[PDB]
Amino acid sequence: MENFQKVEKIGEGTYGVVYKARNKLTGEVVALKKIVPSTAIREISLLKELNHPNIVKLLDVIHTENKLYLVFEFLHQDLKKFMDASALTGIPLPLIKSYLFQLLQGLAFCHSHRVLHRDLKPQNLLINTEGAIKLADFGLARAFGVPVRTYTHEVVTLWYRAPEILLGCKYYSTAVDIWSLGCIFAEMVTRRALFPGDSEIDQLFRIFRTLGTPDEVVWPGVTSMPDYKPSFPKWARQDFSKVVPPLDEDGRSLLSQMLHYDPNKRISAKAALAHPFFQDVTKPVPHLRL
Ligand SMILES: COc1ccc(CC(=O)Nc2cn([C@H]3C[C@@H](O)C3)cn2)cc1
């Protein structure tokens with residue numbers, strides 16, 4: 001750990017804390033996450049091989065005095081801060097589209113390697129001056145676990161959790177990441193979180209109030225899920241034109257497919273990349289004031 005010079009606290013992610021730091025030998029500026037079971041060590045070691053331009057590179061894994069440090073490529077800003085800074089005028093549609101397109105490329109890559117994120121949220125989406133956006137922390141939830149409260153007692157957000165996770169499916173799939181990304185896509189467009197639940201049942205019921213309480217017609221097998229209760233209120237579905245208003249029919253169609261209830265009907269990252277919404281995708285440069 002002696003090999004790095006801490007510059008500043010970046011934040012309190014899930015898993016421990018994150019600092020901006022400089023490698024004393026290379027001069028490289030990195031992000032150091034302070035998180036150990038052998039199982040976690042081996043799984044974390046395989047993430048070092050998962051390199052893609054839209055995945056935050058894990059540079060090195062350091063285990064000493066049996067604490068764990070993950071060294072990552074550094075990016076100057078996250079999407080949560082960028083959305084907050086863009087709130088008065090909104091992120092231009094072409095930039096929303098580029099960001100969605102790149103995040104689906106990242107997801108398609110990890111998913112083809114059978115690696116899931118499981119806890120996607122705007123804070124783990126990092127951006128640079130060039131117009132790139134990258135996913136951070138892929139594979140970590142499978143390596144260690146995802147808390148109720150962070151290490152700082154901060155409340156882990158439920159806003160982006162897929163309904164099969166909320167209903168107790170133990171063996172959820174790559175579709176949970178598509179759901180979280182859909183929720184993010186909608187938030188970029190409207191400038192308000194889609195489903196801002198403050199409890200697991202509030203999260204589920206906000207989903208139901210917008211997309212309709214799921215049943216056996218739209219989601220075969222849903223009434224047999226572990227946490228499904230027949231006493232759930234039955235709400236009617238709303239139209240997407242009311243849910244993410246400004247967005248055109250190509251975008252609403254894609255969003256609807258990223259938000260299908262049945263994990264098996266939900267679009268894959270690979271199929272989402274071919275959706276007609278990306279017919280005019282481009283790569284604009286964002287306005288970043290660092
Ligand atoms: C000025 O204070 C900050 C500087 C940068 C940022 C954006 C950020 O979070 N940058 C980052 C984080 N990471 C790694 C840690 C692993 O979870 C992903 C790499 N770059 C936030 C705050």
Side-chain angles (χ1 to χ4, degrees), residues 1 3-23 26-36 40-41 43-63 67-87 91 95 99 102-103 106-107 109-110 115-147 149-152 154-157 160 177 180-181 184 187-188 285-290:
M1 254 309 91
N3 290 297
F4 293 91
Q5 166 110 46
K6 282 184 210 166
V7 179
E8 64 181 77
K9 199 184 162 156
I10 271 174
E12 302 168 343
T14 182
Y15 305 122
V17 80
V18 182
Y19 282 88
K20 181 178 179 173
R22 176 193 311 288
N23 175 301
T26 300
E28 186 182 26
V29 157
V30 301
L32 286 187
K33 189 170 211 166
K34 295 191 172 187
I35 300 298
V36 159
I41 287 296
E43 290 178 353
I44 296 304
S45 297
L46 301 156
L47 301 182
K48 296 194 282 184
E49 289 200 331
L50 193 68
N51 307 127
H52 176 96
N54 297 113
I55 296 303
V56 173
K57 185 177 175 48
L58 168 64
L59 305 179
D60 273 292
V61 182
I62 302 166
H63 199 197
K67 30 194 135 291
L68 187 66
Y69 301 89
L70 298 194
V71 186
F72 292 99
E73 152 191 22
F74 174 78
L75 280 88
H76 286 83
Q77 190 163 293
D78 68 50
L79 186 69
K80 185 49 31 167
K81 304 214 204 187
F82 187 63
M83 279 189 304
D84 289 340
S86 282
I91 300 164
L95 182 56
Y99 283 169
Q102 290 179 64
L103 297 160
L107 287 196
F109 178 76
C110 294
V115 174
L116 316 200
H117 191 292
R118 208 232 102 136
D119 188 30
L120 276 177
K121 52 205 138 183
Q123 295 201 128
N124 38 234
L125 302 186
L126 306 182
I127 54 167
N128 65 18
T129 53
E130 251 70 47
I133 185 164
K134 296 192 197 209
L135 291 128
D137 303 352
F138 251 86
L140 298 191
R142 184 196 162 169
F144 311 106
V146 180
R149 312 299 199 88
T150 63
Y151 179 68
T152 85
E154 194 186 347
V155 183
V156 179
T157 188
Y160 313 90
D177 289 339
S180 307
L181 188 53
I184 293 168
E187 191 173 333
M188 282 197 278
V285 342
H287 73 297
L288 271 189
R289 201 186 165 199
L290 301 177

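Numbers for residues simply follow the sequence, beginning at 1. Hydrogens, waters and symmetry mates are skipped; everything else that's a heavy atom, side chains included, is used. Counting starts at 1 for both ligands and their atoms, following the listed order.
Nearest protein heavy-atom neighbour of atom 14 (C) of ligand 1: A31 CB, 3.5 Å. Of the protein's heavy atoms, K81 NZ, 3.5 Å lies nearest to atom 22 (C) of ligand 1. Protein heavy atom closest to atom 7 (C) of ligand 1, with residue, atom name and distance, is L75 O, 3.6 Å. Scanning the protein for heavy atoms near atom 9 (O) of ligand 1, the closest one is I10 CG2, 3.6 Å. In terms of protein heavy atoms, atom 18 (C) of ligand 1 is closest to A136 CB, 3.6 Å. Looking only at protein heavy atoms, the nearest one to atom 12 (C) of ligand 1 is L126 CD1, 3.6 Å.
A distance of 11.5 Å separates CD of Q123 from CD1 of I10, quoted to the nearest 0.5 Å. Here the NE2-CD1 distance, from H76 to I127, works out to 11.5 Å after rounding to the nearest 0.5 Å. Atom CG of residue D177 and atom CG of residue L116 lie 6.0 Å apart, to the nearest 0.5 angstrom. Rounded to the nearest 0.5 angstrom, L107 CG and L135 CG are separated by 5.5 Å. Here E154 contributes atom CD and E12 contributes atom CD; the two are 6.5 Å apart, rounded to the nearest 0.5 Å.
Interface of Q77 with ligand 1, defined as ligand atoms under 4.0 Å from a residue heavy atom, comprises 7 (C). Taking a cut-off of under 4.0 Å to the non-hydrogen atoms of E8, the atoms of ligand 1 that pass are 1 (C), 2 (O). Applying the 4.0 Å criterion to heavy atoms of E73 picks out, from ligand 1, the atoms 19 (C), 20 (N). Atoms of ligand 1 lying under 4.0 Å from at least one heavy atom of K33, given by number and element, are 17 (O).
At least one heavy atom of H76 sits closer than 4.0 Å to an atom of ligand 1.
Looking at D137, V18, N128, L125, it is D137 that brings a heavy atom closest to atom 16 (C) of ligand 1.
Classification of the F82-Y99 ring pair by plane angle, with boundaries at 30° and 60°, yields perpendicular. Under the 30°/60° scheme for interplanar angles, the aromatic rings of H117 and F138 are found to stand perpendicular.
For the pair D119 and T157, the tightest heavy-atom approach, listed with the atom from each and the gap, is OD1-O, 4.5 Å.
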